[PDB]
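J.: Sequence lines, in order, name chains Q, P, H, D and L.
Just so you know, the deposited numbering puts 9 at position 8 of the first sequence, and the rest follows in order with no gaps.
Just so you know, the deposited numbering puts 43 at position 43 of the second sequence, and the rest follows in order with no gaps.
Just so you know, the deposited numbering puts 7 at position 7 of the third sequence, and the rest follows in order with no gaps.
Just so you know, the deposited numbering puts 82 at position 81 of the fourth sequence, and the rest follows in order with no gaps.
Just so you know, the deposited numbering puts 42 at position 38 of the fifth sequence, and the rest follows in order with no gaps.
I'd like to ask you about the structure that follows.
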Amino acid sequence: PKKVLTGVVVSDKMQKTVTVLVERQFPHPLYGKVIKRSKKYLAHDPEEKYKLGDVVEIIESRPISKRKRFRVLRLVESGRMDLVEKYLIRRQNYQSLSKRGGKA
Amino acid sequence: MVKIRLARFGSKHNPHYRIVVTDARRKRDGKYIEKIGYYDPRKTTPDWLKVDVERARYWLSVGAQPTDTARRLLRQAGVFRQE
Amino acid sequence: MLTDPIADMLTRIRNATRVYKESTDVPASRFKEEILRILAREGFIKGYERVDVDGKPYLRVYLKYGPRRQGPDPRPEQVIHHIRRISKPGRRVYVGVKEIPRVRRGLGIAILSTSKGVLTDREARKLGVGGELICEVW
Amino acid sequence: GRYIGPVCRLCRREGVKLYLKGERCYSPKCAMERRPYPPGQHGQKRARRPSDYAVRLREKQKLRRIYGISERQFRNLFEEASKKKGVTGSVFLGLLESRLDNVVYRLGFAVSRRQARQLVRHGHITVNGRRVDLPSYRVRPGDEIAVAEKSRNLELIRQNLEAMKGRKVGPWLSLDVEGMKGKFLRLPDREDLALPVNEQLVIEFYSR
Amino acid sequence: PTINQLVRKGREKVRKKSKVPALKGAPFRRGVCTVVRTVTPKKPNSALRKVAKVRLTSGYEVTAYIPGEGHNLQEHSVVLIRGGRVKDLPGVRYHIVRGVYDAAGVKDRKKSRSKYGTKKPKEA
RNA sequence: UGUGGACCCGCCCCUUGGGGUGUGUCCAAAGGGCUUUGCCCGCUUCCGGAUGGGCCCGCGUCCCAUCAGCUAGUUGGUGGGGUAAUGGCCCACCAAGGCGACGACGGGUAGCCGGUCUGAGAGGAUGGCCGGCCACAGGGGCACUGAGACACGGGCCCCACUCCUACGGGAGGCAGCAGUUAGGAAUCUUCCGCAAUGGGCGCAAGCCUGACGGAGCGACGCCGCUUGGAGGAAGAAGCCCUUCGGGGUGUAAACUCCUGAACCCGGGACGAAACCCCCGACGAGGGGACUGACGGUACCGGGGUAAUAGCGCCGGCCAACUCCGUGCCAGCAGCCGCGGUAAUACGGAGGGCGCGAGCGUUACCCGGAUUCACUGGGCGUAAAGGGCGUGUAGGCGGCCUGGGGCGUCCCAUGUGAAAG
RNA sequence: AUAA
RNA sequence: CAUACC
Ligand SMILES: [Mg+2]
Ligand SMILES: [Mg+2]
Ligand SMILES: [Mg+2]
Ligand SMILES: [Mg+2]
Ligand SMILES: [Mg+2]
Ligand SMILES: [Mg+2]
Ligand SMILES: [Mg+2]
Ligand SMILES: [Mg+2]
Ligand SMILES: [Mg+2]
Ligand SMILES: [Mg+2]
Ligand SMILES: [Mg+2]
Ligand SMILES: [Mg+2]
Ligand SMILES: [Mg+2]
Ligand SMILES: [Mg+2]
Ligand SMILES: [Mg+2]
Ligand SMILES: [Mg+2]
Ligand SMILES: [Mg+2]
Ligand SMILES: [Mg+2]
Ligand SMILES: [Mg+2]
Ligand SMILES: [Mg+2]
Ligand SMILES: [Mg+2]
Ligand SMILES: [Mg+2]
Ligand SMILES: [Mg+2]
Ligand SMILES: [Mg+2]
Ligand SMILES: [Mg+2]
Ligand SMILES: [Mg+2]
Ligand SMILES: [Mg+2]
Ligand SMILES: [Mg+2]
Ligand SMILES: [Mg+2]
Ligand SMILES: [Mg+2]
Ligand SMILES: [Mg+2]
Ligand SMILES: [Mg+2]
Ligand SMILES: [Mg+2]
Ligand SMILES: [Mg+2]
Ligand SMILES: [Mg+2]
Ligand SMILES: [Mg+2]
Ligand SMILES: [Mg+2]
Ligand SMILES: [Mg+2]
Ligand SMILES: [Mg+2]
Ligand SMILES: [Mg+2]
Ligand SMILES: [Mg+2]
Ligand SMILES: [Mg+2]
Ligand SMILES: [Mg+2]
Ligand SMILES: [Mg+2]
Ligand SMILES: [Mg+2]
Ligand SMILES: [Mg+2]
Ligand SMILES: [Mg+2]
Ligand SMILES: [Mg+2]
Ligand SMILES: [Mg+2]
Ligand SMILES: [Mg+2]
Ligand SMILES: [Mg+2]
Ligand SMILES: [Mg+2]
Ligand SMILES: [Zn+2]
């Protein structure tokens, strides 16, 4: 089966391409606690249709670029900017954590 | 081209062949597609040739080609016999 | 805040028995209650009941001990020798039916929560499920 | 056989009549009766308390030095008997006792086991009518242990079996004289042998 | 630690540094003597102890001990070292094999013969 | 010639470039052999099967954060080129993106796996024989030919090295089998055979196979086997000890009889029945013939000799003690420790313990080590609470009801090759 | 001064 | 007790 993931668009600043973020709950090998863990996929949005905040299903597909191997399969729910903001702070933090300069 | 042939499985001076289907370019004792019988030449036991005609027939039906020996053994276990 | 309310109860109970109270109050939840149902059934308590302290809903557990003993120290044997939370927050513990533990060669129980509901070890194995291993009691 | 040395200095180390010689061991000797202390310039001073270990060690030696067998071949049997199903101790005894070199002794063809070892290695013993010249060979149940057809009128064998006429052989062995033929009925069970070994101890020594 | 912490960091496994860089891992290593010495022990010991500074095919200069009552090693003797600290001379971690190369076997020794490396006294 | 296929455009079904269908255009072939009018082997186009591959994806895959920022084909778009085929694979133009504390970037180390060792297990260590995949063929590039190669015993070029050289120029490439040399603590025969199995070409007969089947060297490892078996003193000699009576080596030896490893003689294999040939039909089926490297070996039968034993240890841990020598020396020593003139710890002897065609040593891995603790640890004084707050991410979160079913549980089913 |  | 130096 072409693998199908569900995710959150955290970027459409790109011609015909969305950045869907997909998470996966799972029990940890040694320690057993459940750990979340997430990965960014580039998805083919051929008709610049879906916008950030959309929650979409992503489908395994013959490659469109490198990085691009999925097409946005359908829309689930829309608008939910919590996870977008969630993901956005997450990277804003990186400003500190360094040697250099920037309020995180 | 896929063969039907004897892969060598005994030990030194004690040979046991394992009749198998395999791509003809495999090493003799390497990875095979399917075993369909065995054969001890030294007849050390009351059962020393076994086949499974159906699988043997199957493979032949799709152009498995038996070595001149495997064919002998195949024939002997009644693989060909149509009467 | 109260991070695990089940351990709170499990403990609340452990604490009470070690000073031999007649009963103890836990603040109430169906899930807590659904455990006491088993504690009670398997003989570990005398049972419980929804009392009501200061207008908020509690489950009074009625504890159960041995008979008075011999020599120095006549404090009776405990019935709940031992009782401890297995699965906890930030370490949830789930088991297959083939993995539900034999506690003390069955001299003790192991309450677990399945989609057929809260159940003893013997209950789930002889009923074919598995679930979140809540706590051993022996 | 194996070990090939003074055997009665071993009788005298285990403090037990071991009968590693059969005949003379029934005389007023076996070494034990008359002089039953340990060998060596020292074996007559007040014996210190054996360490927990010595006790379990000396006990294995007592068992192994009976059947006359290398530790390499002893342990190999014990490990096998261990892996195996059943009371791993008595299965061990069953295994030592299942040895052809020993079964020949049990059926009184040889008067000792050292003698029974050689009787096999020199080919005088047959199993199921075929010859076997290996002391190791594992007798299974149902097997018949003959004296070789062309060995029958031999001196050492004649005396040895006119002596067997009218004597009883273990409840797990058959035997007919004149036919020079035995039969391994069954693996003996722990109470069938009368071995001066704790044996439970032998297990403990092999996990030290 | 908390589980979330083991998750975050985890247990660090233990590295086990060698007691004996005779490199290669190898059981033994050949070298030449670049001085034979006498050394004083420590602690509650006193005696004169035979050692060598060896320069190895490992490309390493280590100080070996020369066991046995009698020894025949000189400031250019080739020798085979073999690991085995001498408890009393600090910084002496390897031993020299007696019976190999320039090093003679101990003389007229009758007991622990294969250490010290002496043949079998022959007669009937 | 057009069965049929390919390409453009249109239409239908399908849903990514899958399957039809119409016009137009384009594309086929090779002969050979005889028991010579019919068979055998070939050739051409299309559809399907089998087998072998390419590419893409989810998840898993060592250490350093004393490596925190990284990226310009970089990230996506359009159109091209390229390929069997997708794709920044490559190119032009356009947008300004992409990745990172869930560890990007850099550095260090490493072929990965089935498995292997260890462990009660969880775990730890490993990837050597064998099997699967990948990568490489003096070092670095490159394409040609092909169904397949960027090609170990094919081509070109640059580099380093050895060799021939008439000074311009040429020739090589064992990480195939043996073998030499060097380095090293250390690792085999320049052996026999294509008889078997397998491969390539041939219609076949055959040919070619250092694949392979065998032998050879090495106790390197496992397993099996021998150096004998029964009798034999109230206990020889020698060596040892002693309370000067004795006690030990010890049934051990001598010696009596009994079997008979070595060795000699005779028979002597299995592995091999197919290809081929004959009848039948060149099918099914039946009949016949040839073939053995190992090897005069394995095994069977007769003859027949008492016929290799070492090494470690004996203070405690740890089975096993007595004399002499030595005098903080000579030495031992895994740890604690022995030796300073009465040493069961050093060197010898007698005796003893343990293994035994081996026994010790050194090296390395797991174990004991709950001594990195998930199972299974700790931090008042033993090592360990951050000098204190505020708070970002993150972790965690009271009671009641309803939806969903991500986690969790259950049933069925596919996969989990062989070896182990 | 050093070792017991 | 056995040693080591001024
Ligand atoms: Mg050491
Ligand atoms: Mg010593
Ligand atoms: Mg046409
Ligand atoms: Mg047409
Ligand atoms: Mg379509
Ligand atoms: Mg069309
Ligand atoms: Mg044409
Ligand atoms: Mg023609
Ligand atoms: Mg295919
Ligand atoms: Mg650009
Ligand atoms: Mg393109
Ligand atoms: Mg493009
Ligand atoms: Mg990296
Ligand atoms: Mg590699
Ligand atoms: Mg592994
Ligand atoms: Mg452990
Ligand atoms: Mg290798
Ligand atoms: Mg390998
Ligand atoms: Mg090379
Ligand atoms: Mg070559
Ligand atoms: Mg060299
Ligand atoms: Mg061949
Ligand atoms: Mg062939
Ligand atoms: Mg004798
Ligand atoms: Mg004879
Ligand atoms: Mg004779
Ligand atoms: Mg031929
Ligand atoms: Mg004909
Ligand atoms: Mg035929
Ligand atoms: Mg003799
Ligand atoms: Mg002792
Ligand atoms: Mg004296
Ligand atoms: Mg001296
Ligand atoms: Mg003295
Ligand atoms: Mg003293
Ligand atoms: Mg001594
Ligand atoms: Mg010692
Ligand atoms: Mg252990
Ligand atoms: Mg551990
Ligand atoms: Mg601790
Ligand atoms: Mg302090
Ligand atoms: Mg402290
Ligand atoms: Mg503080
Ligand atoms: Mg500070
Ligand atoms: Mg502080
Ligand atoms: Mg705070
Ligand atoms: Mg927060
Ligand atoms: Mg939450
Ligand atoms: Mg809750
Ligand atoms: Mg709900
Ligand atoms: Mg679910
Ligand atoms: Mg398997
Ligand atoms: Zn005796």
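The C-beta atom is built at its ideal place from N, Cα and C for all residues, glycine as well.
1) On the DSSP letters alone, give me the boundaries of the alpha helix (DSSP H) that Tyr-58 of chain P sits inside.
2) Using three-state DSSP, classify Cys-37 of chain L as helix, strand or coil.
3) With DSSP run on the structure shown, which of helix, strand or coil describes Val-11 of chain L?
4) Determine the chain L residues that contact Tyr-32 of chain Q at a beta-carbon separation under 8 Å, and present them in chain order.
5) Which same chain residues, not among the five before or five after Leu-78 of chain D, have their C-beta less than 6 Å away from its C-beta?
6) Please report whether the beta-carbon of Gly-90 of chain H lies at a distance below 8 Å from any beta-carbon of chain Q.
7) Using a Cβ cut-off of 8 Å (strictly closer), state whether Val-35 of chain Q contacts chain H.
8) Apart from the five residues just before and just after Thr-7 of chain Q, which ones in its own chain have a Cβ nearer than 8 Å to its Cβ?
9) Quick check on the DSSP output: what are the complete beta strand (DSSP E) runs of length 3 or more inside the segment 72–108 of chain L, in order along the chain?
10) From the DSSP output, in three-state form, read off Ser-175 of chain D for me.
11) Less than 8 Å between the C-beta atoms of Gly-183 of chain D and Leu-174 of chain D, yes or no?
12) Expressed to the nearest angstrom, what Euclidean distance is found between the alpha-carbon atoms of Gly-63 of chain L and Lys-67 of chain Q?
13) Over the uninterrupted alpha helix (DSSP H) stretch that includes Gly-95 of chain D, give me the two end residues.
14) Check the DSSP bridge columns for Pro-57 of chain H and list the partner residues they point to.
15) When you check each C-beta in the segment 13–31 of chain Q against every C-beta of chain L, which residues fall closer than 7 Å?
16) Closest to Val-85 of chain Q by C-alpha separation, out of Q:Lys-41, Q:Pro-47, Q:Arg-72, would be which residue?
17) Report yes or no: do the segment 113–127 of chain L and the segment 86–105 of chain L share at least 3 C-beta pairs separated by less than 8 Å?
18) Have a look at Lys-111 of chain L and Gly-74 of chain L and give me their C-alpha separation to the nearest angstrom.
19) Would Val-137 of chain H pass as an interface residue toward chain Q - the criterion being a Cβ-Cβ separation below 8 Å?
20) For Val-93 of chain H, decide whether its Cβ has a neighbour in chain Q, counting only Cβ atoms nearer than 8 Å.
21) So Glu-65 of chain L packs on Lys-54 of chain L, CB below 8 Å; how close in whole Å?
22) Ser-118 of chain L: beta carbon under 7 Å from a heavy atom of ligand 2?
23) In angstroms, rounded to a whole number, what distance separates the CA positions of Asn-199 of chain D and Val-8 of chain D?
24) Please list, in chain order, all residues of the same chain as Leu-101 of chain D whose beta carbon is under 8 Å from its beta carbon, the five residues on each side excluded.
25) Short of 8 Å in beta carbon distance, which residues of its chain neighbour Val-11 of chain L, apart from the five on each side in sequence? Order them along the chain.
26) Would you please state the rounded distance, in angstroms, between the beta carbons of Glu-22 of chain H and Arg-84 of chain H? I believe it to be under 8 Å.
27) Looking only at its own chain, which residues have a Cβ that is under 8 Å from the Cβ of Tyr-94 of chain H, when we skip the five neighbours before and after it?
28) Taking all protein chains shown into account, decide if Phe-75 of chain D is buried (16 or more other Cβ within 10 angstroms of its Cβ) or exposed.
29) Smallest Cα separation from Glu-24 of chain D: which of D:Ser-113, D:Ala-55, D:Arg-187?
30) I need the DSSP call for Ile-5 of chain D, collapsed to helix, strand or coil.
31) For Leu-107 of chain H, which residues in the same chain have their Cβ closer than 7 Å to its Cβ, ignoring the five residues on either side in sequence?
32) Is the beta carbon of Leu-49 of chain P closer than 8 Å to that of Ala-77 of chain P?
33) Look at the Cβ atom of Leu-108 of chain D, then the Cβ atom of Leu-176 of chain D, and state whether they are nearer than 8 Å.
34) Going by other Cβ atoms of all chains shown within 10 Å of its Cβ, with 16 needed for buried, is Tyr-48 of chain H buried or exposed?
T.: If we stick to the structure as given:
1) 53–61
2) strand
3) helix
4) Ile-7, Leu-10, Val-11
5) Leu-96
6) yes
7) yes
8) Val-23, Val-56, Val-57, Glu-58, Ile-59, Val-77
9) 82–85
10) strand
11) yes
12) 51 Å
13) 89–98
14) H:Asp-52
15) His-29
16) Q:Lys-41
17) yes
18) 7 Å
19) no
20) yes
21) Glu-65 of chain L to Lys-54 of chain L, Cβ: 18 Å. No contact.
22) no
23) 21 Å
24) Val-121, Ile-126, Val-128, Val-133, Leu-135, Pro-136, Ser-137, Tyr-138, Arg-139, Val-140, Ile-146
25) none
26) With a Cβ gap of about 23 Å, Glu-22 of chain H and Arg-84 of chain H do not count as contacting.
27) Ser-87, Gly-130, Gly-131, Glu-132, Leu-133
28) buried
29) D:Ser-113
30) coil
31) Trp-138
32) yes
33) yes
34) buried
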